[PDB]
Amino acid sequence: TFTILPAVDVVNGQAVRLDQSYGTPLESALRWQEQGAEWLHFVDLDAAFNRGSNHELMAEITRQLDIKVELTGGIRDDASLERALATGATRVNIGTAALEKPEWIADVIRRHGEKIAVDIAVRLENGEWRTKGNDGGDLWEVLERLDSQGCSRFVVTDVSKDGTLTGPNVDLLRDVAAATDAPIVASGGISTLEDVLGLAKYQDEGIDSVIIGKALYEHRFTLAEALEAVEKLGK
């Protein structure tokens, strides 16, 4: 957690307002940039659930603002990937489709390199970490294959932490960081400021980022607070 990415979930052209209701993604982005945000994580919920697409609003955000944008949601074939890229996104994440299309994903990693992160959702079951795909396999085999295909970056999600007050699963994340040369984005379960700090502790093993939604919007801490608290570790 070197770097922190606030999450923005877009539907019908709108995102959750950081209060003190819903507004434009631009407003959200401006409100997050105010606070030291250098990267934003955007979810296109309409594309993720086949209801539509918000690509042109995304392209407006990258046009209007000079902020790095990670973009995810419904990226599953060449047509969706293109339209994701056409947005101006600094980086794009591919989830389930990556496990279900091993050759397609190698092919895209080959063409796009650092523009591609693979988002892996995992579930622990009967003592084994299984890619909660659509299944998708054993976590460790999946990682090795993806690593071998040149994947630059993974986004790892323990599918339980979404309930927020467990903590993120640091023992898994550290294991994943040790298993691949590709840097890791922790996602899912941020509850407290000290959760961010437990992660940043391990930035040198390869956990260099965290995505954070709820904890931020439910005012558990502020972004400026977390960015400085991670600075305080740096030194």
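So that there is no doubt, residue numbering starts at 1 and follows the sequence shown.
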Could you bin the unmodelled part of the deposited chain lying between residue 148 and residue 149 as none, 1 to 3, 4 to 9, or 10 or more?
none
Look at the stretch from residue 20 to residue 21 and count the residues of the deposited sequence that the entry does not model, then pick none, 1 to 3, 4 to 9, or 10 or more.
4 to 9
Given 83 to 91 and 118 to 126, the range whose Cα B-factors average higher in the PDB entry:
118 to 126
Looking only at C-alpha temperature factors in the entry, 2 to 10 or 225 to 233, the higher average sits in 225 to 233
Divide the modelled residues of the chain into thirds by Cα B-factor and specify which third, lowest, middle or highest, holds residue 111.
middle
Just say lowest, middle or highest third for the CA B-factor of residue 50 relative to the other modelled residues in its chain.
middle
Chain-relative CA temperature factor third for residue 184
lowest
Considering every modelled residue of the chain and its Cα B-factor in the PDB entry, is residue 97 in the lowest, middle or highest third?
highest
Tertile call for residue 168 (CA temperature factor, within chain, third-based) is the highest
